[PDB]
Structures are given as structure tokens and as C-alpha cells.
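Below is one structure, written out as C-alpha cells; the observations come after it.
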Amino acid sequence: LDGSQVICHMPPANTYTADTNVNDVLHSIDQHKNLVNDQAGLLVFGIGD
Amino acid sequence: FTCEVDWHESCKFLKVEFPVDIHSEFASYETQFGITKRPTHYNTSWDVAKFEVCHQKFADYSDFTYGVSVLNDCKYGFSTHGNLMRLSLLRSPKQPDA
Amino acid sequence: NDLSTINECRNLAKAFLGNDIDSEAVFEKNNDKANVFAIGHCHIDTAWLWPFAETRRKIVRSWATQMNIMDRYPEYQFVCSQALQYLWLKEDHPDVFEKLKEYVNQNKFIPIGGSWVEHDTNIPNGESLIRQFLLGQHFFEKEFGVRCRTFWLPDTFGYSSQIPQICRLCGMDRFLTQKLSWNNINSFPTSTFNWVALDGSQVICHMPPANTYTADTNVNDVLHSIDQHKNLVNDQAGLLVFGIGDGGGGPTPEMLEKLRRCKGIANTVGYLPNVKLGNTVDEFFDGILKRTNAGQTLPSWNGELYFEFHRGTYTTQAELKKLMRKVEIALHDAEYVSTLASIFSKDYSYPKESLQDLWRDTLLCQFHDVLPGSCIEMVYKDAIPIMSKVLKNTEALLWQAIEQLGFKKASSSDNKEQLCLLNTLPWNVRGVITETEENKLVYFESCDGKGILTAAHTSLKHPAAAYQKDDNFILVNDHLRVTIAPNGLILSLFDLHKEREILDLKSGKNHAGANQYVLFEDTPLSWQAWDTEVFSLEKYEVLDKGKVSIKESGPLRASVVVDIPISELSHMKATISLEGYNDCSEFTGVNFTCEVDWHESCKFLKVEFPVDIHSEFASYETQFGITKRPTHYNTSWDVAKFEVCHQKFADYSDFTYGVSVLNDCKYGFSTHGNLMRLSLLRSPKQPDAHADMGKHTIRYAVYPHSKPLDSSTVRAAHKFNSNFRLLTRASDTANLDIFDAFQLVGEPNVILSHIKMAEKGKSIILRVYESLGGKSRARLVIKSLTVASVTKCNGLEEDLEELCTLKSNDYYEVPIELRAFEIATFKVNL
Amino acid sequence: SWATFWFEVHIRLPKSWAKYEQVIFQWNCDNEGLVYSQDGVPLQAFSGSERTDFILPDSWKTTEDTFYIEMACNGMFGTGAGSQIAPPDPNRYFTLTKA
Amino acid sequence: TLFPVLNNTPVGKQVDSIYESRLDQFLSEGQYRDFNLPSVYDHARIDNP
Amino acid sequence: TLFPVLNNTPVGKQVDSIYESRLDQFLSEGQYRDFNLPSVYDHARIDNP
Amino acid sequence: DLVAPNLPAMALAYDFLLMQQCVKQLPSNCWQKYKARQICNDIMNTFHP
Ligand SMILES: [Zn+2]
Ligand SMILES: [Zn+2]
């Protein structure tokens with residue numbers, strides 16, 4: 001609200017419980033909603049919840 | 001206002017509405033350490049999603065000259081949309097909690 | 001080689017189109033569940049790539065074609081918007097106009113729009129829009145017997161947030177537009193919605209789903225007219241507007257034949273939607289309102305319809321916009337003093353014909369292409385002279401009325417003791433500092449009357465002072481202290497009452513002073529004089545090679561002068577001034593005046609001020625109200641608003657303090673994260689080889705105030721824009737100050753915008769409007785008059801309710817109550 | 001560009017056209033034109049190649065009459081000089097292709 | 001007239017997926033069976049021995 | 001650190017079509033030839049007889 | 001004519017042409033398209049004739 005900022009990132013694959021599949025590894029970069037700014041997505045794999 | 005509610009309804013949402021004769025384009029709700037101004041007009045899809053918002057202690061709705069606030073001490077969901085302030089009192093869900 | 005095969009081919013075709021395509025009976029089958037409504041339209045841009053003398057011929061050459069076609073095809077109906085075009089057709093060909101009104105009475109050739117011209121709705125002031133509707137509707141009620149209920153505006157480059165209320169005032173509760181389908185960033189959410197104004201007034205707006213008002217009645221046009229409807233759940237009906245517009249004749253007859261065959265296809269093989277041709281636009285909107293329970297179910301759009309395209313239209317053709325605002329203010333003053341003279345004097349008739357012609361020639365140059373600066377060089381070599389002539393004639397009318405009141409011009413020979421100042425603002429301007437004959441600063445104070453300000457022989461209580469600290473120029477005042485670097489950039493703008501800096505040069509990208517002049521490489525994508533693009537801010541050059549000199553240090557107005565070299569062939573001279581004052585009300589802030597020798601090519605000169613204000617929105621002023629735009633680029637709807645339209649001031653205030661930027665010629669502003677940026681000058685080249693080359697006088701004031709946007713800022717903006725004419729009393733028996741006859745005493749946010757004489761009667765029309773956004777109450781004080789009645793009329797001056805007028809000692813004090821952003825109009829019958 | 005021409009058109013239909021219920025006059029100069037009758041009543045416009053046919057109004061096919069064409073040397077959107085939004089061409093010469 | 005001058009109650013545009021999937025629960029005999037159509041079907045079913 | 005605490009200058013997300021079609025004018029010899037690359041090509045072309 | 005072309009300008013022209021083709025052709029989900037677009041944008045922001 002006041003101006004303080006944090007560098008926020010969202011894993012492009014819409015789950016923090018990915019499976020390191022081929023489509024997970026793909027979506028982790030190809031589903032990046034703003035690729036013009038930075039071409040790097042985080043893959044968070046596991047079985048959560 | 002103090003509601004003593006014997007609540008036993010199933011899948012019902014008890015809310016309370018006040019039309020307030022205030023014509024502003026936004027409503028100031030209170031959040032952690034500040035004030036968040038939400039729309040009141042359903043213009044874009046980003047405003048149709050905000051049909052019920054979170055507020056800590058008071059939901060304000062004021063034009064340039066006069067204003068109405070709604071304060072509370074247990075409720076957290078409010079909805080101001082076009083002169084009609086609506087405080088969400090009680091839900092009766094059933095799926096994870098019978 | 002055989003012509004009977006033609007007829008048996010037609011018979012083979014009749015298995016797909018049906019048997020009735022040869023006649024007008026195709027539209028009589030299945031005319032109950034109609035989805036696409038077809039109407040013929042001929043959009044003739046009054047002056048876009050041709051002079052007005054060419055449109056005077058385009059009008060007749062298109063409308064006569066339409067008369068003959070409507071004679072041949074009985075089911076065909078036609079619409080045309082501008083009433084000025086009807087006036088031109090009746091001036092050129094009166095017999096053609098007689099036949100035209102015959103067609104109009106025969107329910108064909110529907111006159112729609114209800115306005116004078118298809119004006120731009122962003123740049124002209126609110127009274128200009130009300131005059132558009134007044135003139136158009138009066139012309140239509142006079143010539144024909146129709147009063148248009150549908151505001152037709154398909155080509156305007158952006159809609160203001162108060163248009164629905166102005167439409168509701170002037171009897172038009174419908175709206176049709178097509179331009180908002182050209183959004184290259186955000187597809188508009190709906191196609192048939194309820195456009196709700198700033199205050200709550202609503203019009204049922206519809207956009208032809210096919211993104212052109214120049215459709216071709218093809219199969220894909222008829223399809224898209226229903227299948228491209230952006231909200232089909234609310235109402236399944238789209239309008240097909242077919243023709244050849246943008247300055248050309250209407251629909252060819254083969255388009256009517258293709259429409260007949262499309263209806264035949266829909267009748268026989270039901271894939272195409274059921275076109276209905278024998279229905280007007282009013283019947284179409286009546287059907288829309290009937291099927292949705294009086295529009296209570298359609299989506300709503302509250303506020304401004306932002307057109308995310310043609311954003312350089314605010315800045316291009318700067319001199320025409322300066323002249324337009326000067327002419328609007330001069331017309332206000334002209335009919336104000338003329339109303340006073342006709343009220344008080346005995347042998348003075350209110351100049352109805354002169355003012356009517358002046359308003360016509362002003363509204364003609366408010367076309368949605370002429371005013372926004374999107375025409376060829378010849379159109380502007382025609383529009384600048386007619387606009388300057390309108391300004392000169394308005395000044396002459398004002399002077400005739402004033403001399404009838406008992407004053408005369410300054411003449412630069414009367415003594416300074418006998419100089420007065422005409423105010424014409426509906427409140428007491430505490431003091432005005434002005435030059436008289438030799439750049440001689442004279443201060444005019446009025447402690448008693450709001451109309452005539454006398455000169456002030458006594459000195460000022462709080463004078464300005466321009467001195468020089470170590471290699472820095474300080475314009476000190478009682479309120480502000482402006483520390484200016486040796487290179488022109490304001491290093492500091494300190495407030496002396498609330499001890500706080502108002503710049504924030506540390507954070508943000510702007511790290512070197514406020515009032516920073518920047519040259520952006522404009523280079524738009526497609527349309528050069530229309531568009532400015534969001535990528536133009538990445539290439540820029542800061543002008544930091546200036547040199548500051550103390551121009552004046554007198555008690556009335558301290559001021560430095562900076563000679564800033566823009567480039568080769570281009571130069572500028574920025575005068576930074578701070579005036580002295582008696583009351584804090586008088587203060588207008590730090591004034592800046594740029595003398596720009598502008599010769600750059602595809603450059604955008606803007607001026608930036610970081611303001612140390614952290615709010616999430618900025619309040620700009622629009623016609624009769626305040627529009628709050630974002631400042632954060634959060635969603636795509638905010639990335640489109642990287643440059644917005646504002647009438648007189650752009651405010652940016654947090655809960656405790658605020659900065660406004662007032663102006664009198666510029667219309668484009670951009671507030672985004674502590675950085676306010678006023679767009680000064682564009683240099684397009686495509687429709688105008690020399691668009692803004694020459695000499696420009698750009699005035700703008702940074703007015704810092706110590707609260708959220710209050711009425712003080714609105715009054716300071718109106719004072720900054722107003723013209724204060726130096727008067728001199730002519731007779732000591734009629735020099736009475738009757739300019740306080742009509743006052744508005746009450747809350748300061750209620751502005752007595754306009755005073756006028758009735759269009760038909762001898763009653764006084766007062767256009768009042770609250771300007772900030774709160775339901776207020778006030779009292780119209782009518783001092784030196786005997787008031788027979790005071791009714792509340794609409795925009796066209798038909799009475800609705802009769803107000804209860806009090807009766808004090810000598811005045812009357814009609815008590816009025818205005819809503820959030822209401823535009824009320826009061827007819828005072830004397 | 002913007003230059004006006006006035007074509008007095010005098011036609012005589014062949015007699016064999018006692019048939020041919022509809023007779024047309026075609027005019028396809030790349031510019032605007034407006035047919036006036038002998039009395040000055042406008043009847044139909046020509047705009048480039050999208051509007052050429054002018055139906056003779058079943059009245060002066062029997063007797064050889066004359067009408068007038070006020071041809072304005074400019075396109076539907078002015079002259080252009082390269083594109084529609086380009087600055088007008090001071091010299092743009094049009095050619096009559098159909099009469 | 002029937003068209004109100006003042007519109008002080010905004011109406012939003014119905015989101016496609018939400019209002020589309022809402023129709024699935026009117027004929028569903030699942031969690032909201034008692035509020036929807038599959039509750040007035042029976043009219044006093046009888047199965048006692 | 002290098003990451004600023006206060007972010008008082010918002011940055012928008014680049015629209016695809018606009019910033020995509022902008023690249024068309026850097027090599028174009030059309031209206032903006034003098035501001036783009038097809039103006040430093042020549043290096044004193046000579047064609048006089 | 002008799003030109004003496006700017007060799008680095010022509011090299012940059014070919015580079016920018018290839019990258020603009022990569023922007024126009026590569027699918028809407030490949031990060032190479034957006035990296036090329038960012039580089040083209042920086043080149044256009046960098047070049048002063
Ligand atoms: Zn969880
Ligand atoms: Zn137009």
C-alpha cells in the first residue's frame with residue numbers, strides 16, 4: 001500500500017505438487033505469463049496438501 | 001445492532017443490507033495496517049470477481065461530503081456495490097463440516 | 001448463348017433463397033423473432049480529408065442517392081446524424097430539403113443523433129456538449145416534428161464519464177456507438193449495457209457487434225451482427241448498420257438486394273439470422289428494453305468509456321484546442337454579460353441571432369475529427385480562421401453588452417486608479433495580478449463585490465521574492481518556496497505552512513528536479529496524428545542544458561526565466577513564476593509559461609513533476625465532474641490508461657496533502673506512481689505536413705494544497721483559465737455593480753457554471769452543477785430583480801418541477817439541492 | 001485535385017430500345033459526380049467504381065434529353081498522395097473510363 | 001417512462017464457466033439434492049413390506 | 001542491497017500486438033525512415049554525373 | 001548510384017531481421033520468441049541514428 005515491494009514469482013505450473021513429468025517440466029517455462037520480462041520458471045515438485 | 005441468531009439453516013447465507021444514499025465509485029475497507037479501496041461498479045471482470053471482499057474492522061463508503069461506515073468485531077466479509085452495503089453474517093456449509 | 005438458361009438457373013437458385021427475394025415480401029415472413037436489425041447509414045465526416053465546401057456537396061450527393069433508393073426499395077430505411085448537415089442541405093438545395101422532410105414524414109430517412117455535429121466528447125467543455133444537444137434537438141423539432149431519442153455517436157475517439165447524464169437531460173435515453181470495438185488492448189466486455197454516468201443517470205447503450213458502421217450486408221456481416229455480440233446472455237439482438245461512410249454515399253442498392261437474399265436464405269435454409277429491415281433504431285431499442293424488463297437486467301458500465309486508441313488526439317493541433325477553450329470561455333462571458341445587459345438595461349435586446357451563429361460556428365469546429373486534430377492542412381487553414389473570427393466576434397459582443405451596462409475598455413490611457421477588472425466567475429476572486437500596458441503588474445482586489453474588482457493602491461500582505469542562494473534561484477513566497485537549479489529543474493518545492501517537501505526526487509526514476517522537460521520519440525504505429533503508443537516512453541531525451549536568469553523579483557510576481565535548447569531548429573523559454581497575495585484563496589500555485597519555438601519532427605515534448613504523493617488514483621476534471629483514474633498499471637485496463645484526457649486540472653492527493661496541475665490549453669495528462677506528466681506538444685506528420693510547427697504559449701500551474709481534492713482547487717483552476725478584462729467606468733450614474741445579481745451561496749463544490757437567456761422566452765437559464773461528488777445544498781441569490789418564479793428545467797429548458805423561492809429583504813434565495821454529480825438547470829422567470 | 005468539372009451529357013437512345021424496360025447510364029471516372037437534371041434537381045451520384053449505374057427515369061428515354069454531371073476531382077476520401085491519411089496530392093489527374 | 005433515470009444498482013456480466021456449471025446442480029441428486037429438482041420427483045414413494 | 005525497498009514507479013506488462021508490431025518500423029524505410037536503421041545504411045551515397 | 005554501405009549497420013539489419021522473424025513466427029508459448037522480442041525492443045531503444 002505504501003510503496004514497499006517484494007519480488008514475487010508464481011510457479012507457472014499451477015501446482016506446487018508437480019510430478020517432474022515431461023509436461024510439468026514444459027509448463028514450468030511455457031506457461032510463464034510474462035516471458036518478455038524474464039525467461040525462468042520454478043518447478044516445485046512433490047506430493048503436498 | 002446485535003443479532004442473537006439461533007442458526008440451524010442448511011446451505012443458507014444470512015446477510016444484512018443497508019442502502020446508504022452515498023454515490024461514490026469506490027469503498028474503503030480496512031485491512032492489516034491500512035485501507036484498501038475496492039470498486040463498487042462491476043465494470044470489468046476484475047470487479048465482478050470482487051463481489052465480496054475481506055475487511056478487518058470497518059467498511060467505509062463515503063462521497064465527498066458525507067459517508068457511512070459499518071464497523072464490526074466478528075465478521076470479515078463485506079460487499080459494497082452501488083449504494084447498497086451488505087455485511088455477510090452467517091454461512092451454513094456442510095461438506096467438510098456436517 | 002441461351003438466355004432461358006438464366007431463368008431456369010434462377011429457378012434452381014430458388015431452392016436456397018426462396019420465391020420472395022424478388023420483392024419486399026421476404027421481410028414479411030418470420031418477422032417476429034428477429035436477431036439482426038438492419039438500418040442504412042451514411043456517415044459523412046464534416047471535415048476529415050476535405051474542406052467544409054466539399055462536404056456541402058457530399059451531403060447532397062449522398063442524400064439524393066438515398067432518396068432515389070428509398071423510392072425504389074419500399075422497405076429500406078435510412079439514418080443520418082448531424083443536424084448541421086441538414087442545415088447545409090437546406091441552405092444549398094431547398095427543394096431537395098423539402099422532399100427530404102417529406103421522406104422523413106413518411107417514416108423513411110430517419111433523422112437520428114439529436115445533436116448538431118458528431119462531436120468529440122472528451123475535449124469540449126460540458127456546456128459545449130449541452131449546446132450540441134440543444135441546437136440539434138431544436139433544429140429537429142423546428143424543421144421536422146421529431147425529437148431524437150437516440151444519441152448517435154459511432155465515430156467519437158473516446159467518451160466522457162458524464163455523457164449519459166447530459167443525454168438524459170436533453171431527452172435522449174438511448175445511445176449507439178461503434179468506435180469502442182477498436183480497442184487494441186482490451187475487448188470491451190459487453191455490447192448492450194447500461195452506461196451509467198458519474199452521478200447515476202443511465203442510458204441504454206448498444207454497440208453494433210459488427211465492428212463497422214459501414215457494413216456491406218454480406219453473409220459474414222449479417223452473421224457477425226449477432227454472432228459477435230459480446231454479451232448474448234442478456235439480449236440476443238444486434239444492429240446491422242450498412243453503408244459506405246467516412247465521407248461517402250450511403251448503401252448502394254445492390255446491398256439492399258443482398259439483404260433481400262440474406263433474409264430469403266434465413267427463411268429457407270435457416271442458418272443466417274432473421275434480418276429485419278423495416279424497423280428503425282428507436283423500435284430496436286424499444287425491443288431491447290422490452291425483452292430485458294426496462295434494461296434492469298443488462299450489465300452496467302459506471303463512469304468513463306475509455307477508448308484505448310487515438311491517444312495523441314489530446315495533444316495534436318494544439319493551437320486549435322487553445323482557441324477552442326478560449327472561445328468557450330469567451331462565449332460563457334459573452335452571454336453572461338449579455339444576459340445582465342438585457343435584464344437591466346431598457347433598450348438592449350439579447351443577441352439571440354449573433355450568439356446562435358457564434359455557437360453554431362464553434363460547435364462546427366468541435367467535430368470528432370476537426371477538434372481532436374485529425375485532418376489535412378486545408379481543414380485547419382479553414383478552422384483556425386473561423387475559430388479566431390468566432391473569438392473576435394464574441395469579444396465584440398461582450399464589449400457591446402458591457403458598454404450597454406456602463407463600462408468601456410481600458411484603452412491604456414485611463415489612470416491606474418480608474419482601472420477595474422471584469423470577473424464573471426460565480427464567486428469572489430480575492431485578488432488578480434495582471435499586466436495592463438507595459439508588462440506593468442497591477443493587483444486588483446474586491447472585498448465587496450464578486451463582479452468588478454477595483455485596483456489596489458495598497459501593497460500586498462504576502463509578497464513574492466526572487467533571490468539567489470548559492471548557485472540556486474529561490475522564488476520565495478509566504479506559502480511556497482521554489483528552489484530552482486542553475487539548469488532549470490526545480491530542485492525543491494517547499495511548503496512553508498505545512499513544513500514539508502513536495503517533490504520526492506530521491507525515489508522513483510526521476511532523480512533530477514521537477515518541471516523536467518522531456519522529448520519522447522513519438523513514432524506511433526499506424527496513424528501518426530491520431531495515435532501515441534505506450535512504447536514511446538522508452539526512447540527519450542531530457543533537456544538539462546538550460547540556463548536560469550532572474551526575470552523579475554517584484555513584490556507582486558517573482559519569476560525566473562530558463563532558456564532551454566530543445567534541439568537544432570527548436571527552442572523554448574520557460575518562465576517560472578510565483579505571485580504574491582493577500583488571502584490564501586487568491587493563490588494559484590507556481591505558474592509556468594513555455595514559449596516554444598517548435599520545429600521537431602515526430603517528437604513529444606512533455607513536462608514531469610515528481611510530487612511525493614502516494615495515492616492509488618488521480619482525480620482529473622472532465623465535463624461537469626471528476627474522473628478518478630488509476631496510477632498503478634495493475635491490469636490491462638490500466639496499461640491502456642497511460643495518458644488520459646482532463647479539462648482544466650489534474651489532481652493527485654493522498655489523505656493529507658495533494659498537488660494539482662492546472663492549465664488552459666493542454667488536455668492530455670498522465671499520473672502514474674508519484675510522477676505527474678503533462679503532455680505539451682506533439683509533432684505529427686501524416687495528415688498534416690506541418691501540424692504544430694511554429695510558436696506556442698503553454699501555460700500551466702503546479703498548485704499544491706494541504707488536503708484531498710477540495711473546492712479550492714476547482715476554483716483555482718477556473719481562475720487560472722478565466723480571462724480578466726480590464727474595464728473602465730464610463731458613467732458615474734450607471735457604474736453600479738449589478739454583476740452580483742445571480743449568486744450561488746452555499747457549499748463551495750456547487751459551481752454556478754453558466755448563465756444564459758432562454759432559447760424561446762425571456763427567462764434566465766442557470767446551469768448549476770456540483771463538481772466534486774457530494775450531495776450538496778445551496779441557494780440561488782437573485783438580488784437586484786423581482787422574480788416571478790423559479791422552475792427546474794432539463795437541458796433543453798422544459799420545466800419539470802417548480803421550486804419554492806423564498807423572499808428575503810431584497811433578494812430571493814431559491815433553495816436548491818443537487819445530487820452526487822448532478823447537472824441542474826433553473827429557469828428564472830422575471 | 002479538388003477541381004470541379006461540369007459535363008453536359010446529351011444522350012440519344014436507339015429506337016430499337018422500345019424494349020429494354022430499364023436503361024442505365026454508366027460513369028466511371030475515379031472521383032465523385034452528381035447528376036443534375038435540366039432543372040437542377042440532383043438525382044444520383046457516382047463514387048468511383050462502387051457506384052456507376054444511373055437509371056434513366058422512364059421519362060427521358062422516349063425523348064432525347066440532357067443532364068449534367070458535377071464531377072469533383074477527388075476520391076471518396078480526398079486525394080491521399082500515397083495513402084488515405086497521407087497529405088493530399090496537389091496534382092492528381094483522373095481519367096474518364098466509362099460514359 | 002419505464003426506463004429508470006437513475007441506475008444505482010450495478011449489474012455484472014455473467015461469467016461463462018461459473019453460470020454454465022451452475023446448471024449442472026439443478027438436476028443433480030448430489031449434495032444439493034434437497035434444494036433442486038430431484039426432490040419434488042417422488043410424490044410419496046412407498047416401499048414398506 | 002541492490003533491490004530497492006520502495007517502488008514508486010509502476011511498470012506495466014507489455015501488450016503483445018503493440019510491442020510486436022513496433023519491431024516492424026525499425027527496418028522499414030517508410031514514414032519513420034529517418035529515426036530508424038534505414039538511415040545509417042548509406043554512408044555518403046554518390047550518383048552525380 | 002555509388003554507395004559505400006555501413007557494414008555494422010547492415011550486420012545489425014540482418015540480426016534484427018532474423019530476430020523479428022523469430023518474434024513473428026515462433027509459437028505464442030516459446031520463450032525464444034519473447035527473448036527475441038525483448039532483445040529487439042532493447043535494440044530499438046538503444047539505436048540513435
Ligand atoms: Zn492446504
Ligand atoms: Zn470519421
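Following the order of the C-alpha cells, first chain is A, next is B, and so on, with residues numbered from 1 inside each chain and ligands from 1 in the order they appear.
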
Report as a compact mmCIF listing (two decimals) with C-alpha atoms, in the first residue's frame all protein, DNA and RNA residues lying within 8 Å of stretch 10-25 of chain G, evaluated on only C-alpha atoms, omitting residues in the same chain fewer than 2 positions from it.
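Result saved to selection07.txt:
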```
# COMPACT_ATOMS: atom_id res chain seq x y z
CA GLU F 20 5.27 -6.94 -31.69
CA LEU F 23 9.58 -4.01 -34.42
CA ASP F 24 8.24 -3.65 -37.97
CA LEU F 27 13.93 -1.79 -40.54
CA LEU F 37 18.07 1.80 -39.14
CA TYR F 41 22.87 2.46 -44.24
CA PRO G 5 27.41 0.98 -47.20
CA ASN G 6 27.73 0.98 -43.42
CA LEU G 7 28.87 -2.57 -42.72
CA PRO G 8 27.93 -2.66 -39.00
CA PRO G 27 4.55 -20.10 -31.24
CA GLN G 32 12.69 -17.82 -27.51
CA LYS G 33 10.01 -15.67 -29.14
CA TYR G 34 9.85 -13.41 -26.09
CA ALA G 36 13.94 -12.20 -29.22
CA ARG G 37 11.21 -9.61 -28.68
CA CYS G 40 14.64 -6.29 -30.42
```

Exercise. Would you kindly return, as a ChimeraX atom specification, each protein, DNA or RNA residue with an atom no farther than 12 Å from any atom of residue A:1, considering only C-alpha atoms and excluding same-chain residues fewer than 5 positions away?
Key: /B:30-37 /C:614-616,632,654,673 /F:6-8

Self-check item: Selection near stretch 27-41 of chain A, 8 Å with only C-alpha atoms, sequence-local residues under 3 positions removed, as JSON, numbers by chain
Solution: {"A": [11, 12, 13, 23, 24], "F": [13, 14], "G": [29, 30, 31, 34, 35, 37, 38]}

Got time to write the residues from that selection, N, CA, C and O atoms, as a CSV table (one decimal), in the first residue's frame?
```
chain,number,residue,atom,x,y,z
A,11,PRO,N,5.1,-20.1,-9.5
A,11,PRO,CA,5.5,-21.2,-10.4
A,11,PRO,C,4.5,-21.4,-11.5
A,11,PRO,O,3.3,-21.5,-11.3
A,12,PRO,N,4.9,-21.3,-12.7
A,12,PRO,CA,4.0,-21.3,-13.9
A,12,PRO,C,3.1,-22.5,-13.9
A,12,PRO,O,1.9,-22.4,-14.2
A,13,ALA,N,3.7,-23.7,-13.7
A,13,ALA,CA,2.8,-24.8,-13.5
A,13,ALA,C,2.0,-24.6,-12.2
A,13,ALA,O,2.5,-24.3,-11.2
A,23,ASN,N,5.4,-32.9,-19.2
A,23,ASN,CA,4.5,-31.8,-19.4
A,23,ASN,C,4.7,-30.8,-18.2
A,23,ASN,O,4.5,-29.6,-18.4
A,24,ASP,N,5.1,-31.3,-17.0
A,24,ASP,CA,5.4,-30.4,-15.9
A,24,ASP,C,6.6,-29.6,-16.2
A,24,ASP,O,6.6,-28.3,-16.1
F,13,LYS,N,2.8,-4.4,-18.0
F,13,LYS,CA,3.1,-5.6,-18.8
F,13,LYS,C,2.9,-5.3,-20.3
F,13,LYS,O,1.9,-4.8,-20.7
F,14,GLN,N,4.0,-5.5,-21.1
F,14,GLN,CA,4.0,-5.2,-22.5
F,14,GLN,C,2.9,-5.9,-23.2
F,14,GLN,O,2.8,-7.1,-23.2
G,29,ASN,N,4.0,-19.6,-27.1
G,29,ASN,CA,4.3,-20.2,-25.8
G,29,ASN,C,5.8,-20.5,-25.7
G,29,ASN,O,6.2,-21.1,-24.7
G,30,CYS,N,6.6,-20.2,-26.7
G,30,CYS,CA,8.0,-20.5,-26.7
G,30,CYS,C,8.8,-19.3,-26.2
G,30,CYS,O,8.6,-18.1,-26.7
G,31,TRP,N,9.6,-19.5,-25.2
G,31,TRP,CA,10.3,-18.4,-24.6
G,31,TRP,C,11.4,-17.7,-25.5
G,31,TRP,O,11.8,-16.6,-25.2
G,34,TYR,N,9.9,-14.6,-27.0
G,34,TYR,CA,9.8,-13.4,-26.1
G,34,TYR,C,11.2,-12.9,-25.8
G,34,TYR,O,11.4,-11.7,-25.6
G,35,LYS,N,12.2,-13.8,-25.7
G,35,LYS,CA,13.6,-13.3,-25.6
G,35,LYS,C,14.0,-12.5,-26.8
G,35,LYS,O,14.6,-11.4,-26.7
G,37,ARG,N,12.0,-10.9,-28.7
G,37,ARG,CA,11.2,-9.6,-28.7
G,37,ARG,C,11.8,-8.6,-27.7
G,37,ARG,O,11.9,-7.4,-28.0
G,38,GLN,N,12.3,-9.1,-26.5
G,38,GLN,CA,12.9,-8.2,-25.6
G,38,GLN,C,14.2,-7.7,-26.2
G,38,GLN,O,14.5,-6.5,-26.0
```

Identify every residue of chain C that has at least one atom within 7 Å of any atom of chain F, counting only C-alpha atoms, and report the result as a short mmCIF file (atom, residue, chain, number, x, y, z; two decimals) with N, CA and C atoms, in the first residue's frame.
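The new file part-v2.cif reads:
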```cif
data_model
loop_
_atom_site.label_atom_id
_atom_site.label_comp_id
_atom_site.auth_asym_id
_atom_site.auth_seq_id
_atom_site.Cartn_x
_atom_site.Cartn_y
_atom_site.Cartn_z
N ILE C 185 -6.16 -3.32 -27.03
CA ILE C 185 -5.63 -3.86 -25.79
C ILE C 185 -6.67 -4.67 -25.03
N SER C 507 13.41 8.83 -4.51
CA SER C 507 12.83 7.61 -5.06
C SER C 507 12.38 7.85 -6.50
N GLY C 508 11.80 6.81 -7.10
CA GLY C 508 11.34 6.89 -8.47
C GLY C 508 12.49 7.03 -9.46
N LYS C 509 12.13 7.03 -10.74
CA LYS C 509 13.13 7.16 -11.79
C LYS C 509 13.59 8.61 -11.94
N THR C 523 6.82 8.53 -32.93
CA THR C 523 6.78 7.44 -33.90
C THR C 523 5.67 6.43 -33.63
N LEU C 525 2.41 3.79 -34.28
CA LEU C 525 2.41 2.58 -35.10
C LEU C 525 1.81 2.84 -36.48
N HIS C 632 -1.39 2.79 -11.38
CA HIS C 632 -0.59 1.65 -10.96
C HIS C 632 -0.33 0.58 -12.02
N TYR C 633 -0.93 0.65 -13.21
CA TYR C 633 -0.64 -0.30 -14.29
C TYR C 633 -0.90 -1.75 -13.86
N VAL C 639 -3.06 -0.40 -18.06
CA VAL C 639 -2.00 -0.15 -19.02
C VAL C 639 -2.51 0.63 -20.21
N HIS C 672 1.16 8.53 -12.80
CA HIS C 672 1.46 7.11 -12.60
C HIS C 672 2.58 7.00 -11.58
N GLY C 673 2.22 6.74 -10.33
CA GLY C 673 3.23 6.46 -9.34
C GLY C 673 4.12 7.65 -9.06
N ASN C 674 3.60 8.66 -8.39
CA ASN C 674 4.32 9.82 -7.87
C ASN C 674 4.84 10.74 -8.96
#
```

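The environment of residue B:88 within 10 Å, counting only C-alpha atoms and disregarding residues fewer than 2 places along the same chain, consists of residues 13, 14, 15, 16, 17, 52, 53, 75, 76, 77, 78, 79, 85, 86, 90 and 91 of chain B.
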
Restricting it to C-alpha atoms, dump the selection as a compact mmCIF listing (two decimals), in the first residue's frame.
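Output saved as part-v2.txt:
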```txt
# COMPACT_ATOMS: atom_id res chain seq x y z
CA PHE B 13 -26.27 -17.24 3.74
CA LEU B 14 -27.71 -14.72 6.19
CA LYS B 15 -26.61 -11.20 5.23
CA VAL B 16 -27.74 -7.71 6.23
CA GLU B 17 -28.14 -4.83 3.78
CA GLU B 52 -17.47 -9.95 -1.63
CA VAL B 53 -14.28 -8.66 -0.03
CA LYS B 75 -17.43 -10.53 10.73
CA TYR B 76 -14.89 -10.28 7.93
CA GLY B 77 -16.84 -10.31 4.64
CA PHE B 78 -18.41 -7.18 3.19
CA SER B 79 -19.83 -6.13 -0.16
CA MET B 85 -23.71 -2.08 1.67
CA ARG B 86 -24.15 -5.75 2.56
CA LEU B 90 -23.65 -16.33 8.68
CA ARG B 91 -22.93 -19.24 6.36
```

Practice problem: With a distance cut-off of 7 Å and only C-alpha atoms, select the neighbouring residues of residue B:63, excluding the residue or stretch itself and same-chain residues fewer than 5 positions from it, and output the selection as a ChimeraX atom specification. | Solution: /B:22-24 /C:773-774

Self-check item: Pairwise distance for atom CA of residue C:298 and atom CA of residue C:238, rounded to one decimal in Å
Solution: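 Distance reported for this atom pair: 14.1 Å.
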
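Atom to atom, atom CA of residue C:827 and atom CA of residue C:81 stand 29.0 Å apart.
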
Practice problem: Taking only C-alpha atoms and all ligand atoms into account, report as a VMD selection string which residues have an atom no farther than 12 Å from an atom of ligand 1. | Solution: chain A and resid 15 to 17 47 to 49
